[PDB]
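Everything below concerns the one structure shown next.
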Amino acid sequence: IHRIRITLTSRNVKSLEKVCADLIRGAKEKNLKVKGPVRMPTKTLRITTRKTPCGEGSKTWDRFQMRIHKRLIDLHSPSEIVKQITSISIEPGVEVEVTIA
Amino acid sequence: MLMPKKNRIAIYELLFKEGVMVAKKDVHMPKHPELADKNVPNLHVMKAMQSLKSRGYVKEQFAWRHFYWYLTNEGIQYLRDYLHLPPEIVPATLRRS
Amino acid sequence: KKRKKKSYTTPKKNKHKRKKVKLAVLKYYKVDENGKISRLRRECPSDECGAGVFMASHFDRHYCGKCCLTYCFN
Amino acid sequence: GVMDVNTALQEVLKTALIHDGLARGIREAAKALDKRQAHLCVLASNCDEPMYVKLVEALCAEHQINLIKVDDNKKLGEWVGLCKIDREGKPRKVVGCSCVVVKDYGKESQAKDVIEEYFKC
Amino acid sequence: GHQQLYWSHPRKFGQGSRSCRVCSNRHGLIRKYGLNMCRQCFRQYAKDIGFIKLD
């Protein structure tokens, strides 16, 4: 198959969206049809922890959040195009998983 | 302690071939993450490391449940004085300069 | 809160030291005084041990530890 | 300054002591003798017991080992050096053994060669 | 001798098999998502890991 998927995952929306837009622009410059981004429900990594190191005081808890955003984009291209568009000096945090399936 | 001496010369060979190392406190286990498969029991080897770095002449630095060591040239002189192995056998670590 | 109070029994114990003789009088003997001597232990026919493995003697079940071999007539 | 049995024997004994090993205790010494893993053994007899001497000499004949008779083992015990730990320490040695190879495995020496060529002839 | 005692009955809920990966503290462990710290150590490093107070 020529079907290739890209999964871009990061904790912020800005860098992830900029990377997605740049990748889509690069793919669209080539006369290639590419499926639109699909946005996963951004699973949230809640952790609640007692504030006081000891067991004294009013019962106060820190509610820590880690928001992980993940996007998938589908297209049809040989490996050379994908690995030439990947090395674009990506901004930090936007983990890329490119799969052929 | 309760350390044998053949394990001592084995660990001295290890220090001579190794020099700079990072350690993790692991005693009661039968399988270590990154310092097993040496054909030698792990507990005595790690206690040998404890002797090396707590004999009172080589300083340590412990944090994040780990040991990073600064092998002083005093240790080099001590090893040369005891085991009488000339330092003309340069360590192999001095490649990829 | 109180102490552990490990005091009622055994106030002080002395170490267990074995009066192991430096001379092999109880262990092995020749009783012949010759170049060729006899051995006072039964030949081990097991091939899971060495060729110099000599067992001691007790009231029964010669306790080697490594193999726990006991002579029985099936 | 001089070359003899004692001068190199002290060094070989000290090297055997340093490289751990050594048959210690009543066991693992006679066992190592009867397994014929080693080809040398130095035994001393300075007290009044001839039966042990006769027994070990018969065993040496059985192993075709010529007994070496050395006088004043205190000479070896004082020339080899007994520095040990700290400023005090004087542990004597009566039994001389060297597992795997008779001279040593760390160095190559012609002392083994001269010993063997004196033993054969 | 050693093998005559060790591994007799499996310890399938061994508490001592875990510790804080920063200070080796037995209590208040945070094993969720693999932090494996005492909650105090996690609070010390939570902002550096990526966990932030948003709500």
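A, B, C, D and E label the chains in the order they appear, each numbered from 1.
The rule is short, and it goes like this: a contact is a pair of C-beta atoms (placed from the backbone, for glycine too) under 8 Å apart; a residue touches a chain by one contact, two chains touch by 3 or more.
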| item | value |
| --- | --- |
| Joint neighbours of subunit D and subunit B, given as chain labels | none |
| Per Cα centroids, the chain farthest from subunit C | A |
| Most distant chain from subunit D by Cα centroid | A |
| Central chain of the complex, centres being mean CA coordinates | B |
| Whole-Å gap between the CA centroids of subunit D and subunit E | 55 |
| Gap in Å, rounded to a whole number, between the CA centres of subunit E and subunit A | 29 |
| Distance between the centres, which are taken as Cα means, of subunit D and subunit A, whole angstrom | 74 |
| Contact graph of the chains (line, ring, star, complete, other) | line |
| Chains touching one another, given as label pairs in label order | A-E, B-D, B-E, C-D |
| Subunit E-facing residues of subunit A, complex | 11, 45, 47, 49-51, 53, 62-67 |
| Touching residues (chain side subunit C, partner subunit D) in the complex | 20, 23-24, 27-28, 30, 33-37, 50-52, 54 |
| Sites on subunit D touched by subunit B in the complex | 19-21 |
| Footprint of subunit B on subunit E - complex, ascending | 6, 19-24 |
| In the complex with subunit C, residue positions of subunit D that touch it | 26, 30-31, 34-35, 49, 51, 54-55, 58, 61-62 |
